Amino acid sequence: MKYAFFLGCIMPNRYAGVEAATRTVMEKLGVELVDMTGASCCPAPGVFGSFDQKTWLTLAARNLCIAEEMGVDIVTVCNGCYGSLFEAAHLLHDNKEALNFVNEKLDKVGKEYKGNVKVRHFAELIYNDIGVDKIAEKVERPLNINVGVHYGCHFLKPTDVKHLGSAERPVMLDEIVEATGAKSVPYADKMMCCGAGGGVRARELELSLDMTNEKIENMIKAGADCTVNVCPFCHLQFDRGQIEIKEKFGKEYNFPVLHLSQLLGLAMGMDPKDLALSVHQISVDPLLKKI
Amino acid sequence: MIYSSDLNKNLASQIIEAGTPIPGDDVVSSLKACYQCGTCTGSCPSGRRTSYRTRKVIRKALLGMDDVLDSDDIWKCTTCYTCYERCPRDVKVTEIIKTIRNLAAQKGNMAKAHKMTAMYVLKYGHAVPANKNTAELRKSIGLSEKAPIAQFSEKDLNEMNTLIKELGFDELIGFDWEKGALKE
Amino acid sequence: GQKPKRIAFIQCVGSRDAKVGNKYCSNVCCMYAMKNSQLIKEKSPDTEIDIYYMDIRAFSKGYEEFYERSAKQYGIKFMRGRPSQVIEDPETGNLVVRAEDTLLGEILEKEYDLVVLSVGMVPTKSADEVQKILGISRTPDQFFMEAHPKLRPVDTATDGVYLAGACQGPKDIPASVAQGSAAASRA
Amino acid sequence: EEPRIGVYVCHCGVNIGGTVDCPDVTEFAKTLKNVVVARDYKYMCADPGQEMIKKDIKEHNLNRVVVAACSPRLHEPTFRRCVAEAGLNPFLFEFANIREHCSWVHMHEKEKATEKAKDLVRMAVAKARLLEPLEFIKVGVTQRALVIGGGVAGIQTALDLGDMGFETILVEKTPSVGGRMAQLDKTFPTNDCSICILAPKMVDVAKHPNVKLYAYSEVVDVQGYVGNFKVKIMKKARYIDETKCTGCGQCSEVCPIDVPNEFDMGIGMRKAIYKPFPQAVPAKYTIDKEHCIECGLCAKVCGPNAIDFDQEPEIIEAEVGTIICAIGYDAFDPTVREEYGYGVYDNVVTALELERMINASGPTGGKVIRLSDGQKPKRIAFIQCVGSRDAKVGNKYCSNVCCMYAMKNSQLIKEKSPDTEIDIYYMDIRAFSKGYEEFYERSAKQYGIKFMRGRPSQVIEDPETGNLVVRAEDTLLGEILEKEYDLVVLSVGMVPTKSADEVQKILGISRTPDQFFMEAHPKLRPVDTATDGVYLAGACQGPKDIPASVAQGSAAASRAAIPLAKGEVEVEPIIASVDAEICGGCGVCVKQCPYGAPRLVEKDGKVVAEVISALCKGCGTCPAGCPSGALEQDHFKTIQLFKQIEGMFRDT
Amino acid sequence: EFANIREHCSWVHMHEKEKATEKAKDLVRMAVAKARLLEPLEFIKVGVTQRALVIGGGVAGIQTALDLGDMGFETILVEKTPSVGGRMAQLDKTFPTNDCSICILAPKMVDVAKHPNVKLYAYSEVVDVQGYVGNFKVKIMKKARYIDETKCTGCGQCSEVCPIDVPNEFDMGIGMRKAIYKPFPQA
Amino acid sequence: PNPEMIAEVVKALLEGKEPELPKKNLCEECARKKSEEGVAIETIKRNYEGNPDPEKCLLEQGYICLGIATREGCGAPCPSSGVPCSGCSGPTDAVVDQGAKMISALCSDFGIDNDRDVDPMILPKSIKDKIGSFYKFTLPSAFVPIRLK
Amino acid sequence: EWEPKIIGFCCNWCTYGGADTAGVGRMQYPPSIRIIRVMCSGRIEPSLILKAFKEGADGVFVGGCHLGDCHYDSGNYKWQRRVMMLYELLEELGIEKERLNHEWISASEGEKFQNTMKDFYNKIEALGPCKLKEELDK
Ligand SMILES: Cc1cc2nc3c(=O)[nH]c(=O)nc-3n(C[C@H](O)[C@H](O)[C@H](O)COP(=O)(O)OP(=O)(O)OC[C@H]3O[C@@H](n4cnc5c(N)ncnc54)[C@H](O)[C@@H]3O)c2cc1C
Ligand SMILES: Cc1cc2nc3c(=O)[nH]c(=O)nc-3n(C[C@H](O)[C@H](O)[C@H](O)COP(=O)(O)OP(=O)(O)OC[C@H]3O[C@@H](n4cnc5c(N)ncnc54)[C@H](O)[C@@H]3O)c2cc1C
Ligand code: SF4
Ligand code: SF4
Ligand code: SF4
Ligand code: SF4
Ligand code: SF4
Ligand code: SF4
Ligand code: SF4
Ligand code: SF4
Ligand code: SF4
Ligand code: SF4
Ligand code: SF4
Ligand code: SF4
Ligand code: FES
Ligand SMILES: [Fe+3]
């Protein structure tokens, strides 16, 4: 499998350990990740989609064009970037008026989207094209710990275009984390939002933290040792938000946060130093002792 | 007391035009199918800790209450798509909120942090750009010091600046190219 | 003699109202109000139409679909709130509808060029004479009384005397046509 | 004879005239060959317009009339009668749709719509010239009716027809008649027992001298046409001798195998040998061979020696003139609305399950109890519009009865347990008929039933207690509610019955967008179907209550009695026929007809095809497939259609 | 002998069970008391005149007479106003199909007017009904139009001269007709 | 045209009589046996595929035989000789476009015994030369008598 | 300066009703098409479509009942086998496959008809005029 690896913003420029973790994990599964040179912000639909829809799609198509020129499909480890580029691609295929508008703008930079790009979220790529069986075959260090699985919202929703099954009762991530020897603990309002999306983290911080706190409390009550997400935005909200909850409300949890690639990396015997858990706001050391 | 003079009758149509052709005429015209059932509000995680009521946004849009564009409430939606998934009338709620926010942005109702985010993508092609600590972390992790992204590619940064100017996004956020910063 | 640019339909006028003695639903008013709103929009798309209602009763085949259509296709607006009063501007002839938008918990005072009252159904004036000639009874709604609401919907307690249509109770055309056919079978 | 045509252009007030330049179309019409008269008029279907054609037919000795106006689907019969009254054969008349198909869809392109109208008139005139005079076919009507479905609707049709003196056959799928009404405890708005109205009717129908009831039977084949249907009924094996059976049920006490009772919606347990419900008609027992172990214990207690395991199903051949479809409906399955948790949470039930729970003769002995612990619920929530008015499940229609049965069962629960708190989560309360609004007023003022305007978002079960929480917005307060309940009732909508697919294929009827059967015309032919001699009655035609279903049953009996009373009906002659001088018997046409009308035969020593006129419905498939051109559908001949195609571009 | 203990007892004494039970006992005793002296009576078999009477010429009445006439039964249709059609004839279009009301009703009005088994009496009223099921004797008053029915062309040139303006009932009091008139064009 | 037909036509004209051509299609003259139940085509074969039965109609055997859409008079020498009719006599008087009617007939009966489920793409995928299969002798008289370039 | 000439063939039970419903609903669509009414789409055969191109059709449209909903049970199944061969025959004759359009539209589906007419008109307008009649008139 050959895929243009879209990086986004937060993973390559903040939680870089997620990038390193993905590169090796995907190489171990037999996926050739080729550099999508010059790729920009997806752009984040929370700000751009909310500010100007035409700007969101045009810039997203510009990124889609990079992979199209490369003659390959895209893979991403961020729900935000997945949602942004996937919804953009679907719209350019289903809506000709939108495609015509965008290509009239892309002509000014010498580009033209032709609809051959498929956008994939690495978790569903692992689930539908590689297989969960392959994850277990590569497990060097079984992670026998409880995980509070956070699917995020832009992963399976909107279902009408994603077609990744149920958004109410999914198994996809649970089966992928359980393949590392872990246990996906069932918790209250599991499919609820972390609170960071749609520009809420930036404009309405306390409101975002209230939702994140509810999710952490529910996971801790379910007996989770940590939380696993598939979204650098969810990652930042759960990680950096725990400091904010402490600084504002006064509630402390020290609940380890991991991105699925980091969890799969540990499982595949990677050095925790290479996963960059040190740059996390909440120490992952308590979880590292449990594994 | 809401009088006809306090209402903007064309607000629904105005939201639809802002959504044509992206996300689409059929998508945003779906607000006209709303029968005020409340399923969207009941499904809203944000609505459980605030005064935000998803159904009222759509009601205000149909009634013509312009203040919805000046409201902080429309900005409390996280785009979780739950309402979008459960609406029995096929209203594309999440997309309508985003399109209403477009009209809000045009009126000047944009948070400074959001404009900053937009300015970072305009200036460095990225919402969360690389700093000195990024280079040092990436180096110690075994990754290329600078990711193969638009931030370090002038060709790509210039391409984006051309599209941004053509889309008028720079004027929308109030960015001055000469000064290299935002206004107000 | 001028064409109205703004129109308000007031639902349940003379129905579901104890003050006028009609505590029943007239069955067809929600539908004909939405229908005529569509016809006005086809003839004049720029016309703004608001329907003041309590419940939209689009209960039969294609009715809910017709209701969905009025709003999505024709842009007919609906306000859930039974109006309190209508006030005329003696200078223009324009009317103001006072009502609470119950779905917002706020009072509206919108101006209109024409107000349409969705009047209910009542027995025809001659019903009194026809009752005395046939020897049939009336139900609380003043319409003619059927032998049994379910065991015999078109028969009357008077043998050889049957009913068909709106004289038996408020109903639409197909329901009336069905009763006409039913009465023919029973008779 | 040379065509003499009269072209009439309608303005339809301004519906046509406002977009199409009708006077200009009329002028253009006169430039076409054979057009002797051409006139434009405000309303052609009005008395003046019809008299104008009738007068011109006589005064200008016309033999073809073309009406350029609305759709033949609306006024073809009107103009057919109009010309026939003047002596012109109705099949020498041709309709040109310049309203629905032109003026109403090209309002902002008047010039092009006028040009299009001219071409449509020319296309019509082109076909008109080659039209031929045709005569309707007269067929006899077998004095017998067939009612499929033994619910309140079908029973009503069978009773009225039998009371009129017509031999009627009533086929019922399950072992007893009564339908879903039999499953209800009480019925709104009178709060009568379902049995009050239904049982006497079941009794009457079973012993009616003009009605032959075939319970536990299914129609497996229907062939023929109006007045001449040949039907096959499969009398399924009960494995008990009905004439010998007493219906005492000593056998039910002895049977050791337990089967979930379908009548109780899986909330009851029946035996292999059973009677659907205590008031079942025929009051006879049935053996489910799918679960019977053949121990023969039931046979030891049966006095009349009725049990016979060697019973074989009997195929009955019957001839009927008319058929009434009254197969009813099925309750929507709410498992799909995953947020409400039906099939996951024990205390979430459908209203039909509740009916069986609240019915005295039900599995719980008329006691409303939680299926998780058997305890009576102190707090109940009804969720309206479940499986209706919802695009996500594909049911964008109102199921009509859910608002009323929810309020009725709430009244019933309050009478049995006044301390029970009941909340109804709704969008619109549809209490639209006689005494309904009054029933709604009563539920709140007399019984204290509460109403919440808010379609719930989700139901959440407490795994430890089994209690449910309903998440919904009280839209009348602009606040989110999260009330706890002991039992949640889902007011499930109506969907077509499972067998509807099999019945549709057997009768050759269509379905409306809601998947229920399609009536000929909503407003004027509410119980007829486009298929002559086939009618509908009850819920299979669309969601409705008992008052309406009984009325439809009576209506269907009237409509179905018209051909029977006349004893003769006519059929359209737009049928296929073979030109024997051209047919060389290639055999391509035979298998194309789904009614088997085209058949190969020996004529004057050679093989040629011959259509059995009565079996042809007039589709035009086999003439279209005929490679010799010997087969033609009158009124849609290849040459007639060829000229129509030429007409769009030039005059023929 | 019937003893009514539901509508007359259990349904009206729900909160007084002991007294309802006592009342039911007395009603049973009252019935038993009359039952003892009841006598066997022979139901009177009476013939049925093969003719039906439909009062009201709207879509419901028209449907009943058409079905009955189509079944071969002599039917009489009495209509109060000068024309059949009812309120449906006053409508413009009909929901949920938005069909033209008169455009689909006129063919049925025509069918009824020329039906070989239906005798239409327009501008007439039933003034007396005597008898019982199967043997009704009915009196129909064929109101005077004051215009020769047979010599009436229906052109409408005598109305111009009339100096008396009467509000048109068909137009709900908006329009103005003359003493000499016609209800509607498709009448 | 057969020599006898030429003589018949010329003779009639010399006598002053109007010449009349045969009207039926070829199966009348063909000596091959047809199924009483009607024609049903399961598969389509090119003339070299398989070994054809000498008694059964070649069209029911899967070969594109134009006899069904071809005027009689020749005596059907081709099917009698073991090869399908190529439609050399042209269409009957009631058929303008022979090829179009032949395609209609062929598509109609293809998989008629499995009418509702048969794949409608088997036939176009199987016939690799449609014009040459249905317009050998009549392309110029067809509704579309040329190929657009 | 040029407007497509499109001919249509619609069955009386569904598409003809679908087309009427678009009109009842005032669903505007381009005025290129001219519809011919047949009782069933099963009546439609190759010669009717080829005759239309001969006459100068830029586009040919055919509308019948949804597969399984034919008023005559299986008339449309025959037409479906006929149209698939016809698409390929047209390519062999140099006529773009796109110039032929067949759809399944029920009587209630007025919006689908409106959109099918809109989409087909745009398709043919983009292809330009079919130059068959001009080639034959030489
Ligand atoms: C929970 C609930 C509560 C309700 N409460 C009320 C109420 O209080 N009052 C009210 O008026 N209405 C009520 N209704 C509506 C009411 O159920 C219907 O109006 C009524 O059952 C209509 O009867 P039917 O004859 O039309 O169809 P059905 O009752 O469904 O009867 C259909 C009959 O046909 C038979 N059948 C099916 N397929 C075949 C076949 N292939 N061959 C032969 N026979 C076949 C069936 O076995 C059945 O006997 C309620 C509905 C529900 C779901
Ligand atoms: C504003 C409005 C809009 C509506 N729109 C629609 C719609 O869009 N679609 C729809 O389906 N339904 C509609 N309805 C309902 C519809 O009007 C009725 O269903 C219909 O009129 C009922 O027909 P009917 O024959 O039962 O009664 P009517 O139509 O009123 O006919 C009764 C007839 O009997 C005659 N008559 C009266 N008294 C006597 C007497 N003593 N002797 C002899 N004859 C007598 C009358 O003159 C009249 O001709 C509407 C109703 C209203 C008020
Ligand atoms: S869920 Fe849909 S119909 Fe209901 S209030 Fe929200 S947008 Fe309107
Ligand atoms: S998408 Fe927005 S409005 Fe809708 S439920 Fe989520 S946060 Fe609420
Ligand atoms: S049908 Fe509608 S407007 Fe009429 S009485 Fe009922 S709720 Fe009121
Ligand atoms: S003939 Fe048709 S188009 Fe003309 S007035 Fe009558 S309904 Fe209208
Ligand atoms: S024991 Fe025999 S007679 Fe009695 S109910 Fe059972 S089968 Fe019938
Ligand atoms: S033989 Fe069959 S019916 Fe009789 S008791 Fe046994 S299982 Fe039951
Ligand atoms: S009758 Fe009531 S509960 Fe049922 S679908 Fe209609 S609005 Fe909903
Ligand atoms: S398809 Fe035509 S030529 Fe062949 S047998 Fe039938 S009628 Fe005769
Ligand atoms: S035209 Fe249709 S219904 Fe008539 S015989 Fe041929 S295939 Fe059968
Ligand atoms: S002038 Fe008046 S009264 Fe005389 S025939 Fe004409 S309409 Fe009748
Ligand atoms: S082989 Fe050809 S000519 Fe002979 S019967 Fe068959 S199709 Fe007809
Ligand atoms: S190819 Fe010619 S000679 Fe041979 S059978 Fe056919 S028409 Fe006759
Ligand atoms: S009737 Fe529409 S396709 Fe056969
Ligand atoms: Fe008309």
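Protein chains in written order, with the entry's author numbering: chain A, 1 to 291; chain B, 1 to 184; chain C, 375 to 561; chain D, 2 to 653; chain E, 95 to 281; chain F, 151 to 299; chain G, 3 to 140.
Think of the CB as a built atom: it goes at the ideal place given N, C-alpha and C, for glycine as much as any other residue.
query, result
"Chain C within 8 Å of residue 43 (chain B), Cβ atoms only", "no"
"Segments of 4+ residues assigned as alpha helix (DSSP H) that fall wholly inside the segment 90-130 of chain B", "93-107 and 112-124"
"The segment 418-433 of chain D contacting the segment 144-160 of chain A, beta-carbon criterion three pairs below 8 Å", "no"
"Closer than 8 Å to chain C by CB, residue 174 (chain E)", "yes"
"Any 3 or more C-beta pairs closer than 8 Å across the segment 466-480 of chain D and the segment 406-421 of chain D", "no"
"Beta-carbon spacing of residue 123 (chain B), residue 174 (chain B) below 8 Å", "no"
"The segment 211-224 of chain E touching the segment 169-185 of chain E, judged by at least three CB pairs closer than 8 Å", "yes"
"Any non-hydrogen atom of ligand 11 closer than 7 Å to residue 639 (chain D) Cβ", "no"
"Cutoff 8 Å: residue 61 (chain B) Cβ touching any chain A Cβ", "no"
"Bounding residues of the alpha helix (DSSP H) (the contiguous stretch that carries residue 76 (chain D))", "73-86"
"Any non-hydrogen atom of ligand 15 within 7 Å of residue 636 (chain D) CB", "no"
"Burial state of residue 599 (chain D) (16 or more Cβ within 10 Å)", "buried"
"Beta carbon proximity, residue 129 (chain D) to chain F, threshold 8 Å", "no"
"Under 7 Å from the C-beta of residue 90 (chain B): neighbouring residues of chain D", "392"
"Residue 194 (chain E) (DSSP reduced to helix, strand or coil)", "strand"
"Within the segment 8-85 of chain B, ranges of the alpha helix (DSSP H) (whole runs, at least 4 residues)", "11-18, 25-28, 39-43, 54-63 and 67-70"
"Test: residue 2 (chain B) CB closer than 8 Å to a CB of chain C", "yes"
"8 Å Cβ cutoff, residue 175 (chain B) in contact with chain A", "no"
"Per-residue contacts from residue 560 (chain C) into chain D (C-beta, under 8 Å)", "161 and 555"
"Among A:138, A:66, A:33 and A:236, the one whose alpha carbon lies nearest that of residue 112 (chain A)", "A:66"
"Beta-carbon spacing of residue 489 (chain D), residue 349 (chain D) below 8 Å", "yes"
"Coil, strand or helix - residue 165 (chain E) by DSSP", "coil"
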